[PDB]
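What follows is a short report on a single structure.
Basis: the model, the stated rules and, where named, an outside source; these are not laboratory values. Positions of Cβ are backbone-derived with ideal geometry, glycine not excepted, and every protein chain shown enters the neighbour counts.
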Amino acid sequence: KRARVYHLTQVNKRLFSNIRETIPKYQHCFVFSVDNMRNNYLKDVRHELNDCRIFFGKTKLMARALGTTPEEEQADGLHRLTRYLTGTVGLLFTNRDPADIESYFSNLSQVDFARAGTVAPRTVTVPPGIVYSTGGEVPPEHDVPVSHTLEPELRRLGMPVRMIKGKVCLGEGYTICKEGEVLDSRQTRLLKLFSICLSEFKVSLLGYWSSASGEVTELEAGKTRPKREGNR
């Protein structure tokens, strides 16, 4: 019979240390917030910014790596940068000019199918009459009628569509979702069926610390964002 520590020791045979190793090597550390971060997108950002180091882990861990107080900070003034570390954020260490970083992320975007829980960025309404395969997302002349395969599926999901002259038809139109509404599983299913991508990957720079000054430069997105409250 063995003590738990024996068990733990045999099993015992990362982010915090990597961040601390990285701090001395870069002119700037940015905090960024992200919408619709996906593994592939992070890999692509890392590859394109191959001269930068990007961290995206537990926020509490990243904050402690940097140091949240003047006593614990790993570089002069760095504790003030930790004030941004709330919600879905990451760190970006770089020797690039801040305008270059701003330029890169202002143009960076990609779209995906929204998942349940996401807030709809816009209202989506399928127009009356013949139902097209993207439900009006694409102009009709560029689209094709929706497959009759989907007609009972569409009805199961709440759309009052009918069969008219061999084509799926509405009859006002049908609103799948309204702007600012939280999407549920039924709605995200309907959106995916029409190939409508309501989810957009987007990075916002909140602010950055600079080694040259030991000061934090606050950017617009960082101004109205809630700040970190110390845990201890």
Return yes when residue 195 is closer than 30 Å to residue 153 by Cα and surrounded by fewer than 19 Cβ atoms within 10 Å (Cβ to Cβ) and no when it is not.
yes
For the subset of the stretch 32-80 comprising residues that are among the hydroxyl-bearing types (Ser, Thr, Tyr) and over 22 Å from residue 115 (Cα atoms), which member is surrounded by the fewest Cβ atoms within 10 Å (Cβ to Cβ)?
69
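Considering the stretch 117-139 alone, what residues qualify as being surrounded by fewer than 14 Cβ atoms within 10 Å (Cβ to Cβ) and either of a type outside the set (A, V, I, L, M, F, W, C) or not assigned by CATH to the domain that holds residue 178 (or both)?
Matches in the stretch 117-139: 117, 122, 123, 128, 129, 139.
Just to be sure before I move on: is residue 87 of a type outside the set (D, E, K, R), assigned by CATH to the domain that holds residue 59 and assigned to a loop (DSSP other than H, G, I, E, B) in the structure I sent?
Judged against the criteria, residue 87 is a match.
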Out of all the residues in the stretch 53-62, is one or more more than 17 Å from residue 25 (Cα to Cα) and in contact with a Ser or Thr (Cβ under 6 Å, 6 or more places away or on another chain)?
no
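Given the criteria of a type in the set (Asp, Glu), crowded, with 17+ Cβ neighbours inside 10 Å and not assigned by CATH to the domain that holds residue 55, does residue 151 qualify? Spell out how you get there, then give the answer.
Working: of a type in the set (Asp, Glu): yes; crowded, with 17+ Cβ neighbours inside 10 Å: yes; not assigned by CATH to the domain that holds residue 55: yes.
The answer is yes for residue 151.
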How about the stretch 160-219: which of its residues are closer than 30 Å to residue 93 by Cβ and assigned to a loop (DSSP other than H, G, I, E, B)?
211, 212, 213, 214, 219
Could you tell me whether residue 64 is assigned by CATH to the domain that holds residue 229 and in a helix (DSSP H, G or I)?
yes
